[PDB]
Amino acid sequence: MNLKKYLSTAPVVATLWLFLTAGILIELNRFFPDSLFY
Amino acid sequence: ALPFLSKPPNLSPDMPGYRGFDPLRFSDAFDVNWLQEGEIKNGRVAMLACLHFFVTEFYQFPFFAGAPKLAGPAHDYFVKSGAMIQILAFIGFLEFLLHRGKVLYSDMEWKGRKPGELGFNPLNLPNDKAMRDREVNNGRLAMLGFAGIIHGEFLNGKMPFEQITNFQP
Amino acid sequence: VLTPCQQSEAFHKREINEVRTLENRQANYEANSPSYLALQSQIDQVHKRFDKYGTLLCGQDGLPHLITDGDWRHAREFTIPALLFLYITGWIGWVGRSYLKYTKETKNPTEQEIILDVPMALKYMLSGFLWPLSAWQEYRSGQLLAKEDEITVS
Amino acid sequence: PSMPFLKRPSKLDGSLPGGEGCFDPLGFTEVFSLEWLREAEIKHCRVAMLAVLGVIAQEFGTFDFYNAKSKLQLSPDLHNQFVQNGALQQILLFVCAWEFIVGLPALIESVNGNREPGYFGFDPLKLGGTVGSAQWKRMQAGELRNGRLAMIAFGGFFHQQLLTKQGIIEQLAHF
Amino acid sequence: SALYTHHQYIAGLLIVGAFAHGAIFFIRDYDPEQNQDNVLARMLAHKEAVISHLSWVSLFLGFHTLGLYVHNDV
Amino acid sequence: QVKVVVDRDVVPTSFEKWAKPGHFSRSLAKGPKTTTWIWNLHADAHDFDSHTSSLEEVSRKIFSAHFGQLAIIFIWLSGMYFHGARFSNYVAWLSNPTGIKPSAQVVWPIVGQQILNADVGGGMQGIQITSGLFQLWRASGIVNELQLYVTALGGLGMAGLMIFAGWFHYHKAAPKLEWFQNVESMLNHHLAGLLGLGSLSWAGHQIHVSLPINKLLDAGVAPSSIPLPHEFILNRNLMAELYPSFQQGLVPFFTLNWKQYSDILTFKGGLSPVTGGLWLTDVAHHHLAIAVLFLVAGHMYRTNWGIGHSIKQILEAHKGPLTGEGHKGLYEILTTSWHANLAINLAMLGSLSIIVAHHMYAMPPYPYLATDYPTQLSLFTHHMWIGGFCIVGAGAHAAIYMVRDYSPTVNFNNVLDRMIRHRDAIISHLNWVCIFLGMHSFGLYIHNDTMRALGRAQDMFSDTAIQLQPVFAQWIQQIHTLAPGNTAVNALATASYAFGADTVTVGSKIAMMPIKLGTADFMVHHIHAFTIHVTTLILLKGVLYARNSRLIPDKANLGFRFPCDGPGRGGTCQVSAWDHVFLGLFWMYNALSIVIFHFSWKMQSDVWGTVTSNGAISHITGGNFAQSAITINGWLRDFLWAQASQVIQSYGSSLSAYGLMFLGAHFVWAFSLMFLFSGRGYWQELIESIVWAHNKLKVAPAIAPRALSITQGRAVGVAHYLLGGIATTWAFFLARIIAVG
Ligand code: CLA
Ligand code: CLA
Ligand code: CLA
Ligand code: CLA
Ligand SMILES: CC1=C(/C=C/C(C)=C/C=C/C(C)=C/C=C/C=C(C)/C=C/C=C(C)/C=C/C2=C[C@H](C)[C@H](O)CC2(C)C)C(C)(C)C[C@@H](O)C1
Ligand SMILES: CC1=C(/C=C/C(C)=C/C=C/C(C)=C/C=C/C=C(C)/C=C/C=C(C)/C=C/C2=C(C)CCCC2(C)C)C(C)(C)CCC1
Ligand SMILES: CC1=C(C/C=C(\C)CCC[C@H](C)CCC[C@H](C)CCCC(C)C)C(=O)c2ccccc2C1=O
């Protein structure tokens, strides 16, 4: 019940989100490596 | 509906398409009416999209394409051919008139009891009855098998329609 | 002088140098080694890496330079990721502004920035997509800016 | 004591389906809150019954088209004949649906204490699917005991390898 | 190579003198009643926008030199 | 008396208080009206002696937090055994250790960073280990990957026992204070149970695992014909061939015919010239000596049976006349406050870690450890820096005891506060010793610097010039040359080859060479005496002036982390007992930076390197110390400039990550300085001038954006000065010696 309220705090959301955008960049740089165009 | 007592979320049972199913409680925190309108709109545009993957037969090839039943880089074929930007313009010219508030969670246009805009119904034999209840399933099945077409283009890659008779890997 | 990059000679010398120099590590392993397969995929990631720079401008160094004039012959270098990037941080800036002008009027605004209302947070996270004509329609409404806020002496 | 054992009279349990008694000799139900352990017991017993019927039913010799088994363990031939078909990946992935989709909030019903932590509904039976008092408890004890004997009996069905290296049918053809 | 570096370090010293005596002017020498809503009093009015935008361009160049040198160096 | 009194079901284990950040402090659960609430959320997160004065609740919190620390350590060691199992070339390294460079971590193939995968042999590449785990495992006798997977699995199992342990000891069985202040039993079980049975059972491992296995590897057998360690205990016939003393069983042990165990256990010393490490016969015999000697040592504390001491009747009997009261009071000091115990245990733990560093360069205890020099280097270096920081924590937590938990009633005329009665005479003579050693440790370098710069090299302090041959170190070093025949009578070789006989060459690589100490090494030792006395000056000034200085006569009222008092007294910035710890961290970086720069350059000139035929000698720098350590141009040229050549030219190669951890660690170093020099009275209204630019656009943050506080704003300057400055030397060291060793 209050566990999601812990998962709504500043650092936990910042790691579940920057982990996600970091995953967007790392998974988007294995699939499309050396992207200097566009 | 879902048997292990996990079913009193933020949702409502009289909502159309209801069969009592939110295990991961996405109805919490995500504006159940907006999730409903996203389900309806995803079902209708996936419905038309798998209707394109149904009417990929020889009919209606008017002078521009000449590439029958490709389903993969046909998207790239009309990125190359142009006028795919233009259909974003036309759809934009629809979505000025359709929703009229057009912002995703900020200021959802909830006025007319149903996620359906302006009453696009020129035939108008049914109104917003329990036909709504049988629209959503005809979207939901139109979602999943739509994926089942494109994944048939992904790893099978053979043909959309030519899995059904006796054709198995 | 900005030569077109596909025919610069010293550029192709960097091709020979990195393929062959990376191939000097390939002279250690057998044909079925996973390391050797990784250097097969790596040599693929060098020839593709250099053939996909065919429309840049590598000058006298053989190193692909850029252009930031918006010449429209080099718009794919800078101005297209410029518009793309300003869209992404106009998204982020608009989401942050809309979320703060939500939680400025709540019960406990101090608690709202520690513990994000993931309901209303992931409301605005997505809802800030059409921020050019949402900031342009809030700016005409006299709501984007402010007036008579805090200041020091004079 | 309440246990039919040495001594620990009703440490925390005593009304659970132990028809022969509540066993509990070691301090787990001392501090583990017992609902977690009950969901784990029932889930392990279901999957172990599936395991032992898997081993026996495969040892009755059935393949669509594969190699000779000679075993239902020892990963390359059996298991990585199946993985290199690209085949077990989905039979893991649908269970990766099942546990995260209908087992995780089910486990949240095993958080609050409002479940009777087995109970994924699921009685497709007429004349014998009693959800009430008698047959639910005395049949849930049947799932429980046959699942426990499935756990140990699957333990022996794994561990007959060193002096055997053969099938368990071939173990029945040996003494 | 010594004359250039000489006049550049002396150049920076004398700019920093110009601003240091700028702050001495605004403390021990400034009268905003003879400078009633003057150009100087206007400067002290919008000094918040001045410092916010200097901090903006300095932040932008500091993420776009150091970003590109650490990019090129990685 | 002694008994176990434990509260059960103390704290509920709900997630409810996770939703209240800052639940723990009643001074902090107000909610953030400023951003300084954020950072004070973390600096007060382990002020366990500042949540509530009730020592029971504090002591439950800490003793349960220890299991969290051991949980992270078992996750870490299980990580090392699994990275040794799955990812490493350890099975390939075990074939030929002198050729294959050790590597575990195999970098994921994304853009470029696959070039960090160094082709270290073993048919598999990856970034090279310098932690020396493989040398610990060959000494352990780990043969194939299965024991690394199993020991990693047991590492996770012990990590689960520590998580469930600390959970079990804060919440649903947590002890009373009467359990905690049972210190005769705590020593009585750590001296005997932890350390005693640890060394005894480890002697069991070394005798029944490592001695047969590292006899078979000393013979050169590949790890396939080696049987399991396991398979040596099922029958003695696999060990009676290796050591015939196993045939007699334990009968010569219980008949005290311990001459018969000369095969298993001996006193040789030196180094095994095949493996380059210690003789594991000596090491197993050694752990039996710690075993019997610590198990004897445990039983000096009376607990229940009226047999043994108490600490009280020991300390009260040392009532010497120059102290007057004697140690009357310290058993009430050290059994009520935890910061005092943390000061002692951190001081002795850190100094033990330095002792660990020295005893690992000069007596390399693992096989093939001194043949791969980076693992030889960095295991010296790393145990220096935790060997350093843990001393400053002493100077922290001896200060905190003087601020928080000091009490003049219990502490009246004893050995403690009679120091504080003459703390001016303490700090004044530390002050004199610091200036005397500074002149006579660094003025010699300015002197030889000028005399070499003025051309008059006859007037230097070189070998050829005015010599300053360290008389005492050469003399007692010669006593250690004359050890194994004269005084260590039953020895065979010396205590080390850093003292005595000819060097040890293992695979054309120099294990240990007799270190000569002449007239440059002298002056570096007076550096070390100097920069040890300065940190002792700051960290005794931070404890004796922790509470009531003659400048500020109430620091106990102000606290420990107060920044200052104000501009009065002409300014009292940076005056607290915390601030001396702030300075002791910089001088820690100094003192250990020149300890390791003394190490990594004298042992590239006088020990390490390779050998050729006919016993010829070739160091890495080639004897370039005693002619060049005497100046600073020789120091900065010949070491910090010349040894950079294998760090700076590392781009395009596999060392290039160090070339990234060399530049960026300069960055962070200089990025520290912004926090050190400036202050929050600038940054606060620079920030508030930016808060104007947010109030204009209604992007005003609800948590009000203050600048950092003063003690934070300097603490972050230390914590970047040390990460930046330490990681420069880290990447410089490992980028230097991997390119050679
Ligand atoms: C709520 C999001 C938000 C928005 C819209 C802005 C907007 C602005 N900031 Mg900024 N800022 C933010 C957060 C934000 N800031 C945070 C969190 C910090 C602390 C790191 C700063 C620190 C900061 C400084 C120091 C300065 C600005 C300045 C500015 C202005 C110039 C644009 C610029 O360079 O940005 C600057 C951007 C950064 C420094 C980094 C980006 C900030 C974060 C990481 C991105 C936003 C994500 C945010 C956390 C999302 C929260 C909402 C979400 C959880 C729902 C502009 C009005 C400058 C100014 O006054 O110019 C007029 C200036 O000098 N900002
Ligand atoms: C290496 C040394 C160093 C660096 C990098 C800086 C950098 C900066 N100083 Mg500065 N300063 C320094 C030394 C340094 N200083 C010293 C010695 C002094 C004398 C005390 C000052 C005095 C000073 C003043 C008086 C002022 C500054 C200001 C600034 C900022 C200028 C705006 C800008 O370029 O933003 C660009 C930002 C950067 C260059 C930051 C670096 C980017 C980082 C490393 C990336 C983010 C973190 C990264 C992801 C790593 C994560 C860490 C990990 C633990 C997770 C910038 C942060 C001014 C300011 O606030 O401007 C707005 C200002 O008024 N400085
Ligand atoms: C002979 C028995 C014994 C042993 C082996 C230990 C061992 C230890 N104690 Mg300990 N202790 C003991 C008796 C013992 N204690 C008694 C009798 C008291 C009361 C006076 C205490 C009070 C005490 C305190 C207050 C603290 C410790 C701490 C520690 C740990 C130090 C960290 C370390 O060395 O890491 C090396 C780690 C290991 C060698 C792992 C050893 C773990 C195995 C499983 C042995 C543990 C035995 C355990 C006591 C059995 C519990 C019995 C229970 C089931 C009935 C270490 C695990 C400190 C700590 O970190 O807390 C955990 C700490 O703060 N002890
Ligand atoms: C390179 C920079 C530098 C230097 C030289 C010093 C030097 C010193 N610090 Mg120090 N310090 C420094 C940086 C430096 N610090 C930094 C960065 C910090 C930040 C944390 C500190 C923090 C610090 C603390 C906290 C303390 C010191 C103390 C001391 C003194 C120790 C006693 C000693 O060595 O006397 C010998 C002097 C020298 C070695 C300096 C060179 C003098 C030469 C050898 C002889 C004189 C030259 C010449 C003949 C002069 C006459 C000619 C001229 C008049 C024309 C010493 C003067 C301690 C102190 O004040 O009292 C002991 C003390 O408590 N320092
Ligand atoms: C129940 C559920 C479903 C059913 C789901 C499944 C199909 C139910 C079936 C469950 C079976 C799998 C239960 C398994 C029980 C345990 C097995 C039988 C173990 C047997 C081992 C015994 C024989 C001992 C074996 C010694 C093991 C030892 C190692 C030596 O080698 C010797 C040897 C072989 C004697 C429906 C759909 C059918 C109906 C629904 O209403 C609900
Ligand atoms: C190229 C060219 C050109 C251009 C140029 C220009 C013109 C430029 C501009 C620029 C400039 C010309 C600028 C200026 C600069 C200056 C400065 C540098 C200033 C600043 C100031 C100072 C530094 C100080 C300040 C102050 C204060 C603070 C206070 C009081 C006031 C005062 C002002 C004193 C021309 C046109 C000629 C022509 C052609 C060529
Ligand atoms: C720069 C500086 C500051 C300013 C430092 C600012 C206030 C902190 C900047 C770092 C914070 C953490 C940035 C906040 C970003 C948030 C984490 C949210 C961003 C989103 C993601 C990164 C999560 C001081 O407050 C200070 C105080 C005393 C002496 C010197 C100094 C000093 O030199």
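Throughout, chain F uses Swiss-Prot numbering, with the displayed residues spanning 8-748 in order.
The way this entry was determined, per its header, is electron microscopy, 3.6 Å.
Here the Cβ of each residue, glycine as well, is placed from N, Cα and C on the backbone.
According to Swiss-Prot:
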- F:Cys571, F:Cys580: [4Fe-4S] cluster binding site (BINDING)
- F:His673: chlorophyll a' binding site (BINDING)
- F:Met681, F:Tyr689: chlorophyll a binding site (BINDING)
- F:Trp690: phylloquinone binding site (BINDING)
- F:69-92: transmembrane segment (TRANSMEM)
- F:155-178: transmembrane segment (TRANSMEM)
- F:194-218: transmembrane segment (TRANSMEM)
- F:290-308: transmembrane segment (TRANSMEM)
- F:345-368: transmembrane segment (TRANSMEM)
- F:384-410: transmembrane segment (TRANSMEM)
- F:432-454: transmembrane segment (TRANSMEM)
- F:529-547: transmembrane segment (TRANSMEM)
- F:587-608: transmembrane segment (TRANSMEM)
- F:662-684: transmembrane segment (TRANSMEM)
- F:722-742: transmembrane segment (TRANSMEM)
Annotated stretches the transmembrane segment (F:529-547) and the transmembrane segment (F:194-218) touching (3 or more Cβ pairs under 8 Å): no
Residues that sit under 8 angstroms from F:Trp690 (phylloquinone binding site) by C-beta distance, when 6+ apart in the chain: F:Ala714, F:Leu715, F:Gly720
Winner by Cβ contact number (other Cβ atoms within 10 Å) across the binding-site residues F:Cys571, F:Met681: F:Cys571
Binding-site residues: F:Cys580, F:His673, F:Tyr689 - member with fewest neighbouring CB atoms within 10 Å: F:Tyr689
DSSP-derived structure type at F:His673 (chlorophyll a' binding site), helix or strand or else coil: helix
Inter-residue C-alpha distance, F:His673 (chlorophyll a' binding site) and F:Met681 (chlorophyll a binding site) (nearest angstrom): 13
Distance [Cα-Cα, Å, rounded] between F:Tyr689 (chlorophyll a binding site) and F:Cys580 ([4Fe-4S] cluster binding site): 16
Helix, strand or coil at F:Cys571 ([4Fe-4S] cluster binding site) [DSSP, three-state]: strand
Beyond the flanks of the transmembrane segment (F:662-684) by at least 6 residues, Cβ under 8 Å: 120, 122-123, 125, 134, 653-655, 715, 720-721, 723-728, 730-735, 737-739, 741-742, 745-746
Conformational class of F:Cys580 ([4Fe-4S] cluster binding site) under the three-state DSSP mapping: strand
Top partner of the transmembrane segment (F:345-368) among F:290-308, F:384-410, F:432-454, F:722-742 - counted as Cβ pairs under 8 Å: F:384-410
Distance, F:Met681 (chlorophyll a binding site) to F:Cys571 ([4Fe-4S] cluster binding site) (CA atoms, angstrom): 20
Rounded to the nearest Å - Cα separation of F:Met681 (chlorophyll a binding site) and F:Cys580 ([4Fe-4S] cluster binding site): 17
Residue numbers, six or more beyond the limits of the transmembrane segment (F:722-742), whose CB comes under 8 Å of its CB atoms: 137, 381, 384-385, 388, 392, 589, 592-593, 595-596, 600, 603-604, 607, 650-651, 653-654, 657, 662, 664-669, 671-683, 715
